[PDB]
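So that the names make sense, note that chain A is the first sequence line, chain B the second, and so on, each numbered from 1. Heavy atoms only: backbone and side chains are in, while hydrogens, waters and symmetry mates are out.
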Amino acid sequence: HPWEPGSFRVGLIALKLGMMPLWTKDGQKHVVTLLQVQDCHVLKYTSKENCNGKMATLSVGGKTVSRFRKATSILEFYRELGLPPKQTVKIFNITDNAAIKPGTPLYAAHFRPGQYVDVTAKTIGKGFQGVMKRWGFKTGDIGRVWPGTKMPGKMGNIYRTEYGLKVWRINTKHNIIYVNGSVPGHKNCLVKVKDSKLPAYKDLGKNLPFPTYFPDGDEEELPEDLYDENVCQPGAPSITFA
Amino acid sequence: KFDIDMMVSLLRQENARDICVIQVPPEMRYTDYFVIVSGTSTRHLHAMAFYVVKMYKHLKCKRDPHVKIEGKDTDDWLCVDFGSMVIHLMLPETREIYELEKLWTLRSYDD
Amino acid sequence: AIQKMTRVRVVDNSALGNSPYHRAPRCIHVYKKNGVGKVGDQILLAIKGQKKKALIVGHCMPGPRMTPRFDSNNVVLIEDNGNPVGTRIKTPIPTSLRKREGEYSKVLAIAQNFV
Amino acid sequence: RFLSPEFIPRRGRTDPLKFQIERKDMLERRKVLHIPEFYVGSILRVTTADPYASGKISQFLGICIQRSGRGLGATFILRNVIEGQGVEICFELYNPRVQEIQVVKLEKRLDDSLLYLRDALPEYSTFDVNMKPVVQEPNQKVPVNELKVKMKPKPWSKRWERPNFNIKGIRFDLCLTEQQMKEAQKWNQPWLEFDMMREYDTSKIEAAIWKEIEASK
Amino acid sequence: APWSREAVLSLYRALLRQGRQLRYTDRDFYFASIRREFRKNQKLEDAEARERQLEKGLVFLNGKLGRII
RNA sequence: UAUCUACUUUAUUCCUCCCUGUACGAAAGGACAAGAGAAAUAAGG
Ligand SMILES: [Mg+2]
Ligand SMILES: [Mg+2]
C-alpha cells in the first residue's frame, strides 16, 4: 500500500559497531554511532484481533545464532519458518498498511538520511553499585522507607531508549546506519531501531519506503552510501566558509 | 545588495559626522572592511545604529544572520558587526583615546 | 574553567593591570549559574583593592579541538558600562570570541594578534 | 615503511569491519588532502579555514608534541609561544576545514610525547612564524634530533622525573637533586618491561593495513 | 636625526598623494589626522625614535597591514 | 558484628534574537504566542 498519514512501519535490529566523527558543512563535529544490520528478517505477523492489543504487531529478529544452542520450540519455529535462528526478536507495533510477509529481509535503506530515529538496547551493566555512582549523591516521623527510595543496587543492564536521533548517512553495501550521538549498550550489542515517536517528527513518512525498502523491486537502485545534505562527504574538496 | 557602497549611502544619507574606513587584508582574519564613524551624541549614534540595522534588516540577506547591536547601554561606544564589515559608532574623543585608526594600519607598529 | 579564587594574568595596557601590586589579581565572582568561566565570560576581579568586571580570553584547561589553549589565564579588563579599560592587547586572542552572545566586538578591535 | 599511527587500532574487542569503514574514509580524505609523514618532534604549519571569518584561512606553526587518537578522529597538538605567551592547538587531522599541513622541519625527538615542553625554558618552545621549510633529501632516514632541554623550577605540570614517563629529553642533572632522583627511582616497576602478555604485536595488523593502502591505489 | 632628510617629506607628500586617491571617507578629517600623526610627534624627539616612527610611516604608506579607503 | 518491619531502576529555567520595536495606546510606552539560538540544572545514556 502507499503511505497514509498516520501509519507506522517496521523497525530494525542492528549491531552497534562503534562510533566515529562526521563533520557537517558548518564545520561542527557530530559523534556518530555505526549500526550494522546483520541478517534482519520479519518473523511473525500478528493482527490486532489475535493480539488483543490496540495495534497489529510484527516480530522481527536479528543476528543468526547457532542452532545447537536453542530450545526446541524455537528450533521448530525457525524450522517451519525456514530460517536460521536470530539472536533477538523484538516486536513492532504497526498499522495494517505496513505488514511484510514473515520471512523477508529488512535492509539498511529501510531508513534514509534526514530521518529521525529512536534506539533501544540494554544499557552497559555496572553490577551492584552504591548510591554515589548509581544515583549521584552523598523522615523521622515517617516510620518507614517509601517505595522507590534511592538505595544501592544493580546498576545498568536494563532497556533504555534514546529518542529522536538523526540518521546522517546510510551505507547500502555494508548495511550500516550512521546515527547521531550515543546509543544505549556496549559495542557489538543488538539495538532496536524504530522511527521516532517524537511529535515534531510524526509526519515525515512521505519519502520513506513504506512497507520496507526492497532491492528486489529493482527500481532506481541505490548507491554505495546515501548522505544527508549537510554531511561533508569524504572525497569532497576541503570546505571553505565563504 | 548591502555593500560598503551601500554603507556609505546609509551614513552620508544620515550625515554621519566623521567617516574613516580601513580595508582589512584577508590574513588578519577578523573582517574585510573596518568602519570608524562618529556622530553628535548618544541619541544620534543610537538612532543611526537602529537606522543601519533597520536598513540592513529590511534590505536583503534573509539567510545571513540577524545582527545584534553591541553596547546599547554604554554612552560613548557602539559597534555592530556584519559578514564583511564592522562599523564602530563612537565619539571623536573616544576615538582619540582608543586610536583605532592607528591600530588597523599599524598592527605591531604603535602603542 | 576559571572559578572563584583563581589567580589571573591580566593582559591589557590598563593602569590597573601593569601597575605592580603585592597581591596577584584573582577572581571573586563568575557570571554564570555554575561558577565556571570559559573563553568569553565576565568575572569580577580583585585588583589593588578594586573589584572590577573582566572578560576571560583563553584559559588552561582544554576546550574543543581546533581552538587554542594558553599557558595562563589571560583576562582583559572591562568597565561596568561595557567598554574595556585597556587600549592594546599584546598576547594573542582566539577568534572564538566572535560567535558568542555578548560584548566581544569592542575587544576584537584592540588585539595585536589573533589565534 | 612509515604507517601513520592513526591507522593502527588500539587493542580491544571491537569489530574489524568498523576499522575497515574508518580506513576507507581516511584514505578517501587522503586523496584530497596530502597527509605527510611527521613525527612528534617535527615543526608543522597548518592552514585552516575559520568558522568565524568568512572563508578566510589561517596558519599556525609549532611543534607536534603529541600524536594521540586513532581512526578518523585522530589528532595532533602543536605548540608555540608567541608574544611571551604559550599556545597549543589540538588539530584534527581529518577535519575538512584543514587545507594544507606542511612539514617545515621533519625531525624525531628522543621521546614519543613532548608534553614536558610546557615546563622547559620558553626558548625550547619558541619558533619563527615565517620560518622556511628546510629541504630534506628523498632517500634517507629521519634526523633524530636529541636535545636534553633545560627545565624551569620544581613545581612542574607533572612529575616528569618519575620512571613511568620514561622521559629522555631532560638534562635532569641541572635541575634535580640526587636525593630526589633516588626518591624518584622508588616508583620503578622493573618487572613491567618483562611481561609478555601486555605486549600488543601490530605486525599482521600492519600487513592487512598495507594491503588496504595498496588496494586503495 | 631622522633616517634622512628627503625621505620624511617624501613619505609625507606620498601619503598626501594617497590622500587624494582616498575615495569613501571624510578627507579633511583624514588630512587633520595626518597632521596629528606628524605635527605633535615630529618636533623634538631623539634620533632613534625618529627612525621607528618613520618606519611606521613607511608601513602606513605601503598598507600591507591594511589601507584606508 | 543488623534479628524483625520498611525499602533497594515510578524535563525545567535564564539570557539573546525574531515575530516587532508591530499588536494595544493617543504620546510616553509597548505584547504575545510560536519560532530559532546560546547557556545552566535535573533526568537518561
Ligand atoms: Mg509506621
Ligand atoms: Mg595539572
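Rounding to whole angstrom units, NZ of residue C/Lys38 and P of F/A38 are separated by 17 Å. Atoms CG (C/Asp41) and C1' (F/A39) sit 9 Å apart, rounded to a whole Å. Distance CZ (C/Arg100) to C1' (F/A38): 9 Å, rounded to an integer number of Å. Rounded to an integer number of Å, the gap from NZ of C/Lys33 to P of F/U16 is 12 Å. In this entry the distance linking NZ of A/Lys154 with P of F/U9 reads 11 Å, nearest Å. One interatomic measurement links the two molecules: CD of A/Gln28 to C1' of F/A38, which rounds to 12 Å at whole-angstrom precision. Rounded to an integer number of Å, the gap from OH of C/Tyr104 to P of F/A38 is 14 Å. The CH2-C1' distance, from A/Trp146 to F/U9, rounds to 19 Å in whole Å.
For the pair B/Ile69 and A/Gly143, both in contact range of RNA chain F, the more 5′-proximal nearest nucleotide belongs to A/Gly143. In terms of position along RNA chain F, the nucleotide closest to A/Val145 lies nearer the 5' end than the nucleotide closest to the other residue of the pair A/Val145 and C/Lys99.
Judged by ring centres under 5.5 angstrom and plane angles under 30°, F/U12 stacks onto its neighbour F/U13. Under the 5.5 Å and 30° stacking definition, the step from F/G30 to F/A31 does not qualify as stacked.
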Compile the donor-acceptor pairs under 3.5 Å between side chains in residues 177-186 of chain A and protein atoms, sequence neighbours left out, one pair per line.
none

Distance-only donor-acceptor hits, side chain of residues 59-67 of chain B, under 3.5 Å, sequence neighbours excluded:
none

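B/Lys54 comes within 4.0 angstrom of the backbone, heavy atoms only, and of no base. At a threshold of 4.0 angstrom between heavy atoms, the contacts of B/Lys57 are confined to the sugar-phosphate backbone, with no base atom among them.
For A/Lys192 (side chain) and A/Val89 (main-chain N/O), no donor-acceptor pair under 3.5 Å exists by modelled atom type. For the pair A/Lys194 (side chain) and A/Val119 (backbone), a donor-acceptor distance under 3.5 Å is absent. Here the side chain of C/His59 pairs a donor or acceptor atom with the backbone of C/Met61 at under 3.5 angstrom.
Atom name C1', nucleotides F/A39 and F/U16: the rounded distance is 10 Å, in whole Å. To the nearest whole angstrom, the two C1' atoms, one in F/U41 and one in F/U8, are 27 Å apart. Nucleotides F/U1 and F/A40, compared at atom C1', are 47 Å apart to the nearest Å. Of the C1' atoms belonging to F/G30 and F/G21, the separation is 8 Å, rounded to the nearest Å. For the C1' atoms, the distance linking F/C15 with F/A23 amounts to 24 Å, nearest Å. A gap of 26 Å separates the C1' atoms of F/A33 and F/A28, to the nearest Å. F/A26 sits 24 Å from F/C19 when the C1' atoms are compared, rounded to a whole Å. Comparing the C1' positions of F/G25 and F/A38 gives a spacing of 34 Å, expressed to the nearest Å.
The aromatic rings of B/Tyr98 and B/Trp77 sit perpendicular to each other, their planes meeting at more than 60°, with 30° as the lower class boundary. Between A/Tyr116 and A/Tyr201, the two ring planes are parallel [angle under 30°; tilted spans 30° to 60°].
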Can you check nucleotides 33-37 of chain F for protein contacts, nitrogen or oxygen pairs under 3.5 Å, and list what you find?
none

Output one line per pair: protein atom, nucleotide atom from nucleotides 41-45 of chain F, and distance, for all N/O pairs under 3.5 Å.
| unit_1 | atom_1 | unit_2 | atom_2 | d |
| --- | --- | --- | --- | --- |
| F/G44 | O3' | A/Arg160 | NE | 3.0 |
| F/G44 | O3' | A/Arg160 | NH2 | 2.8 |
| F/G44 | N2 | A/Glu162 | OE1 | 3.2 |
| F/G44 | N2 | A/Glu162 | OE2 | 2.6 |
| F/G44 | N3 | A/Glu162 | OE2 | 3.4 |
| F/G45 | OP1 | A/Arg160 | NH2 | 2.9 |
| F/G45 | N2 | A/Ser182 | OG | 3.2 |

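Salt-bridge formation is not detected for the pair A/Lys197/A/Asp118: no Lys NZ or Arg NE/NH1/NH2 atom is positioned less than 4.0 Å from an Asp or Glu carboxylate oxygen. Between D/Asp50 and D/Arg97 there is no salt bridge, since no side-chain nitrogen of the basic residue lies less than 4.0 Å from a carboxylate oxygen of the acidic one.
With 3.5 Å as the limit, one finds a donor-acceptor pair spanning the side chains of C/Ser72 and C/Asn74. For the residue pair D/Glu92/A/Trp23, the side-chain donor-acceptor check at 3.5 Å is satisfied.
When the pucker is read from the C1'-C2'-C3'-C4' torsion, the sugar belonging to F/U22 turns out north, on the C3'-endo side. A positive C1'-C2'-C3'-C4' angle places the sugar of F/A42 in the north (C3'-endo) family. The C1'-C2'-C3'-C4' torsion of F/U10 is negative. Its sugar is therefore classed as south.
C/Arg100 has its side chain within reach of C/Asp41: a pair of non-hydrogen atoms, C-beta onward, lies under 4.5 Å apart. Counting heavy atoms from C-beta outward, A/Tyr107 and A/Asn175 have side chains that approach closer than 4.5 Å.
F/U20 adopts a syn glycosidic conformation, its chi angle falling within 90° of 0.
Helical stems involving RNA chain F, defined as 3 or more consecutive Watson-Crick or G-U pairs under 3.5 Å, span F:11-13 with F:39-41, F:15-17 with F:35-37.
Sorted by first and then second residue, the pairs that involve residues 39-48 of chain B and meet side chain to side chain donor-acceptor pair (under 3.5 Å), not counting sequence neighbours, are B/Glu14-B/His44, B/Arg17-B/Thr40.
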